[PDB]
$ cat final.txt   # compact mmCIF, N, CA and C atoms
# COMPACT_ATOMS: atom_id res chain seq x y z
N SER A 2 -33.51 4.59 -87.60
CA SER A 2 -33.69 3.17 -87.98
C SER A 2 -35.04 2.66 -87.48
N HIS A 3 -35.78 3.51 -86.77
CA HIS A 3 -37.12 3.14 -86.22
C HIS A 3 -38.09 2.82 -87.36
N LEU A 4 -38.00 3.58 -88.46
CA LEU A 4 -38.90 3.38 -89.63
C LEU A 4 -38.70 1.97 -90.19
N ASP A 5 -37.44 1.51 -90.26
CA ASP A 5 -37.15 0.14 -90.75
C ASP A 5 -37.76 -0.87 -89.77
N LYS A 6 -37.64 -0.59 -88.47
CA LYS A 6 -38.13 -1.47 -87.37
C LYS A 6 -39.65 -1.66 -87.39
N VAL A 7 -40.44 -0.60 -87.63
CA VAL A 7 -41.92 -0.77 -87.54
C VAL A 7 -42.40 -1.80 -88.58
N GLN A 8 -41.90 -1.73 -89.82
CA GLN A 8 -42.29 -2.72 -90.87
C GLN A 8 -43.81 -2.85 -90.95
N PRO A 9 -44.59 -1.76 -91.12
CA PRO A 9 -46.05 -1.87 -91.15
C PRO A 9 -46.50 -2.85 -92.24
N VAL A 10 -47.45 -3.72 -91.90
CA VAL A 10 -47.96 -4.76 -92.85
C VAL A 10 -49.46 -4.56 -93.08
N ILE A 11 -49.89 -4.55 -94.34
CA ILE A 11 -51.34 -4.36 -94.66
C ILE A 11 -51.97 -5.76 -94.79
N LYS A 12 -52.75 -6.17 -93.79
CA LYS A 12 -53.40 -7.51 -93.84
C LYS A 12 -54.41 -7.56 -94.99
N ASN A 13 -55.24 -6.52 -95.13
CA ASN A 13 -56.25 -6.46 -96.21
C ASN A 13 -56.16 -5.10 -96.92
N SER A 14 -55.96 -5.11 -98.24
CA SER A 14 -55.86 -3.83 -99.00
C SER A 14 -56.85 -3.82 -100.16
N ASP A 15 -57.65 -2.75 -100.28
CA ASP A 15 -58.61 -2.60 -101.40
C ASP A 15 -58.41 -1.20 -101.98
N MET A 16 -57.23 -0.96 -102.56
CA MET A 16 -56.87 0.36 -103.15
C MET A 16 -55.76 0.17 -104.18
N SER A 17 -55.51 1.19 -105.01
CA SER A 17 -54.43 1.12 -106.03
C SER A 17 -53.08 1.00 -105.30
N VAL A 18 -52.15 0.23 -105.87
CA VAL A 18 -50.83 -0.03 -105.22
C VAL A 18 -50.09 1.30 -105.01
N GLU A 19 -50.14 2.21 -105.99
CA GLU A 19 -49.42 3.50 -105.85
C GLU A 19 -50.01 4.27 -104.65
N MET A 20 -51.34 4.31 -104.54
CA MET A 20 -52.01 5.01 -103.41
C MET A 20 -51.66 4.31 -102.09
N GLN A 21 -51.63 2.97 -102.11
CA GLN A 21 -51.35 2.15 -100.91
C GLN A 21 -49.95 2.46 -100.38
N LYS A 22 -48.97 2.63 -101.27
CA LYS A 22 -47.57 2.93 -100.86
C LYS A 22 -47.55 4.26 -100.10
N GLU A 23 -48.30 5.25 -100.59
CA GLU A 23 -48.38 6.60 -99.96
C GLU A 23 -48.94 6.47 -98.54
N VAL A 24 -49.94 5.60 -98.36
CA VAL A 24 -50.60 5.41 -97.03
C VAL A 24 -49.57 4.89 -96.02
N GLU A 25 -48.69 3.98 -96.43
CA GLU A 25 -47.69 3.40 -95.50
C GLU A 25 -46.79 4.51 -94.95
N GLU A 26 -46.31 5.41 -95.81
CA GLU A 26 -45.42 6.51 -95.35
C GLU A 26 -46.19 7.42 -94.38
N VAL A 27 -47.45 7.74 -94.71
CA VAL A 27 -48.28 8.62 -93.85
C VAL A 27 -48.51 7.92 -92.50
N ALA A 28 -48.78 6.61 -92.53
CA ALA A 28 -49.04 5.86 -91.28
C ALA A 28 -47.80 5.89 -90.38
N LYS A 29 -46.61 5.66 -90.95
CA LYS A 29 -45.36 5.67 -90.14
C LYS A 29 -45.12 7.08 -89.59
N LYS A 30 -45.32 8.10 -90.43
CA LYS A 30 -45.10 9.52 -90.03
C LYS A 30 -46.09 9.90 -88.93
N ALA A 31 -47.35 9.48 -89.06
CA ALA A 31 -48.40 9.82 -88.08
C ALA A 31 -48.08 9.25 -86.70
N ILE A 32 -47.61 8.00 -86.64
CA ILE A 32 -47.34 7.35 -85.32
C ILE A 32 -46.25 8.10 -84.55
N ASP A 33 -45.14 8.45 -85.22
CA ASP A 33 -44.04 9.17 -84.52
C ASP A 33 -44.50 10.58 -84.13
N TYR A 34 -45.21 11.27 -85.03
CA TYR A 34 -45.68 12.66 -84.81
C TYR A 34 -46.69 12.75 -83.67
N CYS A 35 -47.62 11.79 -83.58
CA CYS A 35 -48.70 11.86 -82.55
C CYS A 35 -48.26 11.21 -81.23
N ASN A 36 -48.35 11.97 -80.14
CA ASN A 36 -48.00 11.52 -78.77
C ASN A 36 -48.93 10.39 -78.33
N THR A 37 -50.22 10.49 -78.66
CA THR A 37 -51.23 9.48 -78.22
C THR A 37 -51.98 8.90 -79.42
N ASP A 38 -52.60 7.73 -79.23
CA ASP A 38 -53.36 7.00 -80.28
C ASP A 38 -54.53 7.85 -80.79
N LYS A 39 -55.21 8.57 -79.90
CA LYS A 39 -56.37 9.42 -80.29
C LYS A 39 -55.91 10.48 -81.30
N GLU A 40 -54.74 11.07 -81.07
CA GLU A 40 -54.15 12.09 -81.98
C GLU A 40 -53.88 11.44 -83.34
N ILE A 41 -53.41 10.19 -83.35
CA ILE A 41 -53.07 9.47 -84.62
C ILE A 41 -54.32 9.37 -85.50
N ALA A 42 -55.48 9.04 -84.91
CA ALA A 42 -56.72 8.90 -85.71
C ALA A 42 -57.07 10.24 -86.37
N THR A 43 -56.98 11.34 -85.61
CA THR A 43 -57.31 12.68 -86.14
C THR A 43 -56.34 13.07 -87.26
N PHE A 44 -55.04 12.82 -87.07
CA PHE A 44 -54.02 13.20 -88.08
C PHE A 44 -54.23 12.45 -89.39
N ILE A 45 -54.52 11.14 -89.32
CA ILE A 45 -54.72 10.32 -90.55
C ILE A 45 -55.94 10.84 -91.32
N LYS A 46 -57.04 11.13 -90.62
CA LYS A 46 -58.28 11.62 -91.28
C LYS A 46 -58.01 12.97 -91.95
N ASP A 47 -57.32 13.87 -91.25
CA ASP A 47 -57.04 15.23 -91.79
C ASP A 47 -56.14 15.15 -93.03
N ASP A 48 -55.09 14.33 -92.99
CA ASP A 48 -54.16 14.23 -94.15
C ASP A 48 -54.89 13.66 -95.37
N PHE A 49 -55.67 12.59 -95.17
CA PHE A 49 -56.42 11.96 -96.29
C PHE A 49 -57.48 12.92 -96.83
N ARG A 50 -58.18 13.63 -95.94
CA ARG A 50 -59.24 14.57 -96.38
C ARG A 50 -58.60 15.65 -97.26
N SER A 51 -57.44 16.17 -96.85
CA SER A 51 -56.76 17.20 -97.67
C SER A 51 -56.32 16.59 -99.01
N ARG A 52 -55.73 15.39 -98.97
CA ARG A 52 -55.24 14.69 -100.19
C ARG A 52 -56.41 14.30 -101.10
N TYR A 53 -57.47 13.72 -100.53
CA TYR A 53 -58.65 13.30 -101.35
C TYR A 53 -59.93 13.83 -100.70
N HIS A 54 -60.70 14.62 -101.46
CA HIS A 54 -61.96 15.22 -100.95
C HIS A 54 -62.99 14.12 -100.69
N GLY A 55 -63.77 14.26 -99.61
CA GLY A 55 -64.80 13.27 -99.26
C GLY A 55 -64.95 13.15 -97.75
N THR A 56 -65.78 12.20 -97.29
CA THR A 56 -65.97 11.98 -95.83
C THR A 56 -65.15 10.74 -95.44
N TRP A 57 -64.16 10.91 -94.56
CA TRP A 57 -63.28 9.79 -94.15
C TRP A 57 -63.49 9.45 -92.67
N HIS A 58 -63.74 8.18 -92.36
CA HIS A 58 -63.89 7.72 -90.95
C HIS A 58 -62.70 6.81 -90.63
N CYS A 59 -61.92 7.16 -89.60
CA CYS A 59 -60.74 6.33 -89.24
C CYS A 59 -60.81 5.90 -87.77
N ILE A 60 -60.69 4.59 -87.51
CA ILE A 60 -60.71 4.06 -86.12
C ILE A 60 -59.46 3.18 -85.92
N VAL A 61 -58.65 3.48 -84.90
CA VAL A 61 -57.44 2.66 -84.61
C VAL A 61 -57.49 2.23 -83.14
N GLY A 62 -57.43 0.91 -82.88
CA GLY A 62 -57.48 0.39 -81.50
C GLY A 62 -56.69 -0.90 -81.37
N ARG A 63 -56.28 -1.27 -80.15
CA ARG A 63 -55.51 -2.52 -79.94
C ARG A 63 -56.37 -3.72 -80.33
N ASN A 64 -57.63 -3.75 -79.87
CA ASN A 64 -58.57 -4.86 -80.20
C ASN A 64 -59.92 -4.28 -80.60
N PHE A 65 -60.41 -4.60 -81.81
CA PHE A 65 -61.74 -4.09 -82.25
C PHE A 65 -62.29 -4.95 -83.39
N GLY A 66 -63.61 -4.88 -83.59
CA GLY A 66 -64.32 -5.57 -84.69
C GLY A 66 -65.06 -4.54 -85.52
N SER A 67 -64.83 -4.51 -86.84
CA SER A 67 -65.48 -3.44 -87.65
C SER A 67 -66.18 -3.98 -88.91
N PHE A 68 -67.42 -3.53 -89.12
CA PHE A 68 -68.22 -3.80 -90.34
C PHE A 68 -68.59 -2.42 -90.87
N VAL A 69 -68.24 -2.08 -92.12
CA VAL A 69 -68.49 -0.69 -92.61
C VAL A 69 -69.02 -0.67 -94.05
N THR A 70 -69.66 0.44 -94.43
CA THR A 70 -70.16 0.69 -95.80
C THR A 70 -69.33 1.84 -96.39
N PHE A 71 -68.30 1.50 -97.17
CA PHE A 71 -67.31 2.44 -97.74
C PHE A 71 -67.40 2.43 -99.27
N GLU A 72 -66.95 3.51 -99.90
CA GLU A 72 -66.93 3.58 -101.39
C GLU A 72 -65.97 2.50 -101.88
N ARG A 73 -66.33 1.79 -102.95
CA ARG A 73 -65.46 0.70 -103.46
C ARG A 73 -64.11 1.28 -103.89
N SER A 74 -63.03 0.56 -103.54
CA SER A 74 -61.60 0.88 -103.82
C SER A 74 -61.10 2.07 -103.00
N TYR A 75 -61.80 2.42 -101.91
CA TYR A 75 -61.38 3.55 -101.03
C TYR A 75 -61.09 3.05 -99.61
N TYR A 76 -61.06 1.73 -99.42
CA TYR A 76 -60.84 1.11 -98.09
C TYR A 76 -59.48 0.40 -98.07
N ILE A 77 -58.56 0.89 -97.23
CA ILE A 77 -57.20 0.27 -97.09
C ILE A 77 -57.03 -0.17 -95.63
N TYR A 78 -56.64 -1.43 -95.42
CA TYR A 78 -56.45 -1.96 -94.04
C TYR A 78 -54.97 -2.30 -93.83
N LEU A 79 -54.33 -1.65 -92.85
CA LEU A 79 -52.89 -1.89 -92.55
C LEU A 79 -52.72 -1.99 -91.03
N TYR A 80 -51.87 -2.92 -90.58
CA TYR A 80 -51.63 -3.10 -89.12
C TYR A 80 -50.15 -2.90 -88.81
N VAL A 81 -49.84 -1.98 -87.89
CA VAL A 81 -48.44 -1.72 -87.45
C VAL A 81 -48.41 -1.90 -85.93
N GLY A 82 -47.53 -2.76 -85.42
CA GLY A 82 -47.52 -2.99 -83.96
C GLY A 82 -48.89 -3.46 -83.50
N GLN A 83 -49.46 -2.79 -82.50
CA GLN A 83 -50.80 -3.15 -81.97
C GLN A 83 -51.86 -2.16 -82.48
N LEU A 84 -51.48 -1.28 -83.42
CA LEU A 84 -52.41 -0.23 -83.94
C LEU A 84 -52.90 -0.59 -85.35
N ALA A 85 -54.21 -0.47 -85.59
CA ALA A 85 -54.80 -0.75 -86.92
C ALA A 85 -55.17 0.56 -87.61
N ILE A 86 -54.49 0.91 -88.71
CA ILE A 86 -54.89 2.17 -89.40
C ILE A 86 -55.95 1.77 -90.43
N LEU A 87 -57.21 2.11 -90.16
CA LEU A 87 -58.33 1.75 -91.07
C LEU A 87 -59.05 3.03 -91.52
N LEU A 88 -59.12 3.24 -92.83
CA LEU A 88 -59.83 4.42 -93.39
C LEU A 88 -60.83 3.94 -94.45
N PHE A 89 -62.09 4.36 -94.33
CA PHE A 89 -63.14 3.96 -95.31
C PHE A 89 -63.98 5.19 -95.66
N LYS A 90 -63.88 5.65 -96.91
CA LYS A 90 -64.61 6.87 -97.35
C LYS A 90 -66.04 6.47 -97.72
N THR A 91 -67.03 7.14 -97.11
CA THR A 91 -68.46 6.84 -97.37
C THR A 91 -69.13 8.07 -98.00
N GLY A 92 -69.82 7.88 -99.12
CA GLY A 92 -70.51 8.98 -99.82
C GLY A 92 -71.90 9.22 -99.26
N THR B 161 -127.18 38.29 -148.45
CA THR B 161 -128.58 38.22 -147.97
C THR B 161 -128.89 36.81 -147.46
N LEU B 162 -128.32 35.78 -148.10
CA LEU B 162 -128.59 34.37 -147.70
C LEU B 162 -128.15 34.18 -146.24
N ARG B 163 -126.99 34.72 -145.86
CA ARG B 163 -126.54 34.59 -144.45
C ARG B 163 -127.51 35.39 -143.58
N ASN B 164 -127.94 34.81 -142.46
CA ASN B 164 -128.91 35.48 -141.55
C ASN B 164 -128.45 35.28 -140.10
N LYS B 165 -128.92 36.14 -139.18
CA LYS B 165 -128.52 36.00 -137.76
C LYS B 165 -128.98 34.63 -137.27
N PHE B 166 -130.22 34.24 -137.58
CA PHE B 166 -130.69 32.88 -137.21
C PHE B 166 -129.96 31.84 -138.07
N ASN B 167 -129.71 32.18 -139.34
CA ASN B 167 -129.05 31.26 -140.30
C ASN B 167 -127.61 30.94 -139.86
N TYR B 168 -126.83 31.94 -139.45
CA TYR B 168 -125.44 31.70 -139.01
C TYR B 168 -125.20 32.32 -137.63
N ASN B 169 -124.79 31.50 -136.66
CA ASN B 169 -124.53 32.00 -135.28
C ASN B 169 -123.04 31.82 -134.97
N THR B 170 -122.38 32.88 -134.50
CA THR B 170 -120.93 32.81 -134.17
C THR B 170 -120.75 32.88 -132.65
N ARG B 171 -120.07 31.88 -132.08
CA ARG B 171 -119.80 31.80 -130.62
C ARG B 171 -118.29 31.71 -130.40
N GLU B 172 -117.76 32.51 -129.46
CA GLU B 172 -116.31 32.48 -129.16
C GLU B 172 -116.07 31.62 -127.92
N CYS B 173 -115.23 30.59 -128.06
CA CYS B 173 -114.94 29.64 -126.95
C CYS B 173 -113.44 29.62 -126.65
N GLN B 174 -113.07 29.70 -125.37
CA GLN B 174 -111.64 29.66 -124.95
C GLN B 174 -111.49 28.63 -123.83
N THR B 175 -110.27 28.11 -123.65
CA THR B 175 -110.00 27.08 -122.60
C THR B 175 -109.24 27.74 -121.45
N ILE B 176 -109.69 27.52 -120.21
CA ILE B 176 -109.02 28.14 -119.03
C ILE B 176 -107.58 27.63 -118.97
N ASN B 177 -106.61 28.54 -118.80
CA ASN B 177 -105.18 28.17 -118.72
C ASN B 177 -104.59 28.74 -117.43
N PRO B 178 -103.92 27.93 -116.58
CA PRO B 178 -103.33 28.44 -115.34
C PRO B 178 -102.17 29.38 -115.71
N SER B 179 -102.01 30.48 -114.98
CA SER B 179 -100.92 31.45 -115.26
C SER B 179 -99.56 30.78 -115.00
N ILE B 180 -98.61 30.93 -115.93
CA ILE B 180 -97.25 30.33 -115.75
C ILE B 180 -96.55 31.08 -114.61
N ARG B 181 -95.85 30.35 -113.74
CA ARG B 181 -95.13 30.98 -112.60
C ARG B 181 -93.71 30.42 -112.52
N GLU B 182 -92.76 31.21 -112.02
CA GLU B 182 -91.36 30.74 -111.87
C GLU B 182 -91.00 30.74 -110.38
N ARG B 183 -90.57 29.58 -109.86
CA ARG B 183 -90.22 29.45 -108.43
C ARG B 183 -88.89 28.70 -108.29
N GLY B 184 -88.04 29.13 -107.35
CA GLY B 184 -86.75 28.46 -107.11
C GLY B 184 -86.73 27.78 -105.76
N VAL B 185 -86.41 26.48 -105.73
CA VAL B 185 -86.38 25.71 -104.45
C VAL B 185 -84.97 25.14 -104.24
N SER B 186 -84.40 25.36 -103.06
CA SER B 186 -83.04 24.84 -102.73
C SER B 186 -83.17 23.87 -101.55
N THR B 187 -82.60 22.67 -101.70
CA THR B 187 -82.58 21.64 -100.62
C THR B 187 -81.13 21.41 -100.20
N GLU B 188 -80.87 21.35 -98.90
CA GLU B 188 -79.55 21.10 -98.36
C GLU B 188 -79.67 20.22 -97.12
N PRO B 189 -79.09 19.01 -97.18
CA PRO B 189 -79.07 17.98 -96.13
C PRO B 189 -78.66 18.46 -94.73
N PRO B 190 -79.08 17.72 -93.70
CA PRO B 190 -78.80 18.10 -92.31
C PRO B 190 -77.30 18.18 -92.05
N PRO B 191 -76.88 19.16 -91.24
CA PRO B 191 -75.46 19.35 -90.94
C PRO B 191 -74.89 18.11 -90.27
N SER B 192 -73.68 17.76 -90.68
CA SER B 192 -73.01 16.58 -90.16
C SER B 192 -71.80 16.96 -89.32
N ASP B 193 -71.56 16.31 -88.18
CA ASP B 193 -70.37 16.74 -87.44
C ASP B 193 -69.39 15.59 -87.23
N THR B 194 -68.10 15.92 -87.07
CA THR B 194 -67.08 14.87 -86.89
C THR B 194 -67.01 14.50 -85.40
N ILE B 195 -67.01 13.20 -85.08
CA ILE B 195 -66.96 12.75 -83.66
C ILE B 195 -65.80 11.76 -83.49
N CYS B 196 -64.96 11.97 -82.47
CA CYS B 196 -63.83 11.05 -82.19
C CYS B 196 -64.05 10.40 -80.82
N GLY B 197 -64.08 9.06 -80.78
CA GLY B 197 -64.30 8.34 -79.51
C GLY B 197 -63.22 7.31 -79.23
N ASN B 198 -62.62 7.38 -78.04
CA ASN B 198 -61.55 6.42 -77.63
C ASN B 198 -62.09 5.59 -76.46
N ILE B 199 -62.09 4.26 -76.60
CA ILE B 199 -62.62 3.37 -75.53
C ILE B 199 -61.47 2.53 -74.95
N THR B 200 -61.38 2.50 -73.61
CA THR B 200 -60.34 1.71 -72.90
C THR B 200 -61.02 0.81 -71.87
N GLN B 201 -60.35 -0.27 -71.46
CA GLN B 201 -60.97 -1.23 -70.50
C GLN B 201 -61.27 -0.51 -69.18
N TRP B 202 -60.35 0.33 -68.69
CA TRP B 202 -60.57 1.05 -67.41
C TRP B 202 -61.76 2.01 -67.53
N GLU B 203 -61.87 2.73 -68.65
CA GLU B 203 -62.99 3.69 -68.84
C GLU B 203 -64.31 2.93 -68.86
N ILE B 204 -64.36 1.79 -69.56
CA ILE B 204 -65.60 0.97 -69.63
C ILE B 204 -65.94 0.49 -68.22
N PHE B 205 -64.92 0.03 -67.49
CA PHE B 205 -65.10 -0.48 -66.10
C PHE B 205 -65.57 0.66 -65.19
N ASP B 206 -65.00 1.86 -65.37
CA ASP B 206 -65.36 3.01 -64.49
C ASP B 206 -66.85 3.34 -64.65
N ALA B 207 -67.35 3.38 -65.89
CA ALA B 207 -68.78 3.67 -66.12
C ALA B 207 -69.61 2.54 -65.52
N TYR B 208 -69.16 1.30 -65.73
CA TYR B 208 -69.83 0.07 -65.22
C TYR B 208 -69.82 0.09 -63.69
N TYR B 209 -68.70 0.52 -63.10
CA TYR B 209 -68.54 0.56 -61.62
C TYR B 209 -69.49 1.58 -61.00
$ encode --input "final.txt" --output "structure tokens"
Amino acid sequence: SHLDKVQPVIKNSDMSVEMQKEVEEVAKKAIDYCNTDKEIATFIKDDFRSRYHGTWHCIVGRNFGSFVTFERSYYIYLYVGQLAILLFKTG
Amino acid sequence: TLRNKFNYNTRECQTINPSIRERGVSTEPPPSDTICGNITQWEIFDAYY
């Protein structure tokens, strides 16, 4: 019932709805699978890189400010608990 | 008989042409590496301390 409890919410989303739904499942799976936050960032980048070819930069922290140059429609912003799963593919 | 060496002079003229050459050039951007950095208040304070 932990998956129901997390209720991850995407504050800002710039991606197709079908792709966005897939990201939520990966984000929930990554948090339980990874013992530490640093492991979560590596797991999200590896899964997305395998799923979609390109260069992916992912940063997750309790408090942070980010300005980035990402390919249009490849940036999805979702916040679960105190962790921000942010991925932006840059060509 | 009307044509004469002084009467008609023939000169052969050609234009210098550089020899055609075939060369292959390959360019490949600088190697890029993946870097993961985790920052915490205690770690920032420890370096500062």
$ atom_distance --input "final.txt" --atom1 "atom C of residue A:57" --atom2 "atom CA of residue A:90"
5.5 Å
$ closest_residue --input "final.txt" --among "A:59, A:20, A:85, A:31" --to "chain B" --atoms "only C-alpha atoms"
A:59
$ atom_distance --input "final.txt" --atom1 "atom CA of residue A:68" --atom2 "atom CA of residue A:89"
10.5 Å
$ residues_near_point --input "final.txt" --point "(-61.1, 10.2, -86.4)" --cutoff "6 Å" --atoms "all atoms listed in the file" --output "PyMOL selection string"
(chain A and resi 42-43+46+58-60) or (chain B and resi 195-196)
$ write_last_selection --input "final.txt" --atoms "N, CA and C atoms" --output "JSON list (two decimals), keeping the file's coordinate frame"
[["chain", "number", "residue", "atom", "x", "y", "z"],
["A", 42, "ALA", "N", -55.48, 9.04, -84.91],
["A", 42, "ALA", "CA", -56.72, 8.90, -85.71],
["A", 42, "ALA", "C", -57.07, 10.24, -86.37],
["A", 43, "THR", "N", -56.98, 11.34, -85.61],
["A", 43, "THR", "CA", -57.31, 12.68, -86.14],
["A", 43, "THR", "C", -56.34, 13.07, -87.26],
["A", 46, "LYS", "N", -57.04, 11.13, -90.62],
["A", 46, "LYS", "CA", -58.28, 11.62, -91.28],
["A", 46, "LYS", "C", -58.01, 12.97, -91.95],
["A", 58, "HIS", "N", -63.74, 8.18, -92.36],
["A", 58, "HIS", "CA", -63.89, 7.72, -90.95],
["A", 58, "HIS", "C", -62.70, 6.81, -90.63],
["A", 59, "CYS", "N", -61.92, 7.16, -89.60],
["A", 59, "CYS", "CA", -60.74, 6.33, -89.24],
["A", 59, "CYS", "C", -60.81, 5.90, -87.77],
["A", 60, "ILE", "N", -60.69, 4.59, -87.51],
["A", 60, "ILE", "CA", -60.71, 4.06, -86.12],
["A", 60, "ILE", "C", -59.46, 3.18, -85.92],
["B", 195, "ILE", "N", -67.01, 13.20, -85.08],
["B", 195, "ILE", "CA", -66.96, 12.75, -83.66],
["B", 195, "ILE", "C", -65.80, 11.76, -83.49],
["B", 196, "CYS", "N", -64.96, 11.97, -82.47],
["B", 196, "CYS", "CA", -63.83, 11.05, -82.19],
["B", 196, "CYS", "C", -64.05, 10.40, -80.82]]
$ closest_atom_pairs --input "final.txt" --of "chain B" --to "chain A" --cutoff "9 Å" --atoms "only C-alpha atoms" --output "CSV"
residue,atom,partner,partner_atom,distance
B:194,CA,A:58,CA,8.8
B:196,CA,A:43,CA,7.8
B:197,CA,A:39,CA,8.0
B:198,CA,A:39,CA,6.6
B:199,CA,A:62,CA,8.4
$ select_by_dssp --input "final.txt" --residues "chain B" --states "helix (DSSP H, G or I)" --output "ChimeraX atom specification"
/B:201-208
$ atom_distance --input "final.txt" --atom1 "atom CA of residue A:12" --atom2 "atom CA of residue A:86"
10.8 Å
$ decode --input "final.txt" --residues "stretch 186-197 of chain B" --atoms "N, CA, C and O atoms" --output "CSV table (one decimal), in the first residue's frame"
chain,number,residue,atom,x,y,z
B,186,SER,N,38.1,12.8,-40.9
B,186,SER,CA,37.1,12.4,-39.9
B,186,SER,C,37.2,13.3,-38.7
B,186,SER,O,38.4,13.4,-38.2
B,187,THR,N,36.1,13.9,-38.2
B,187,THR,CA,36.1,14.8,-37.0
B,187,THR,C,35.2,14.1,-36.0
B,187,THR,O,34.1,13.6,-36.3
B,188,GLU,N,35.7,14.0,-34.7
B,188,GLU,CA,35.0,13.4,-33.6
B,188,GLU,C,35.2,14.3,-32.4
B,188,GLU,O,36.3,14.3,-31.8
B,189,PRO,N,34.1,14.8,-31.8
B,189,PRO,CA,34.1,15.7,-30.6
B,189,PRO,C,34.8,15.1,-29.4
B,189,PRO,O,34.9,13.9,-29.2
B,190,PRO,N,35.2,16.0,-28.5
B,190,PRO,CA,35.9,15.6,-27.3
B,190,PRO,C,35.1,14.6,-26.4
B,190,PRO,O,33.9,14.8,-26.3
B,191,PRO,N,35.8,13.6,-25.8
B,191,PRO,CA,35.1,12.6,-25.0
B,191,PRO,C,34.4,13.3,-23.8
B,191,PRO,O,34.9,14.2,-23.2
B,192,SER,N,33.2,12.8,-23.6
B,192,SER,CA,32.3,13.4,-22.5
B,192,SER,C,32.2,12.3,-21.4
B,192,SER,O,32.0,11.2,-21.7
B,193,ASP,N,32.2,12.8,-20.1
B,193,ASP,CA,32.1,11.7,-19.1
B,193,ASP,C,30.9,12.0,-18.2
B,193,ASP,O,30.6,13.2,-18.0
B,194,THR,N,30.3,11.0,-17.6
B,194,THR,CA,29.1,11.2,-16.7
B,194,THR,C,29.7,11.5,-15.3
B,194,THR,O,30.5,10.8,-14.8
B,195,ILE,N,29.1,12.6,-14.6
B,195,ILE,CA,29.6,13.0,-13.2
B,195,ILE,C,28.3,13.0,-12.3
B,195,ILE,O,27.4,13.7,-12.7
B,196,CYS,N,28.4,12.4,-11.2
B,196,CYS,CA,27.3,12.4,-10.2
B,196,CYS,C,27.8,13.2,-8.9
B,196,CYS,O,28.8,12.7,-8.3
B,197,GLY,N,27.1,14.2,-8.5
B,197,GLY,CA,27.5,15.0,-7.3
B,197,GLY,C,26.4,15.2,-6.3
B,197,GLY,O,25.3,15.6,-6.7
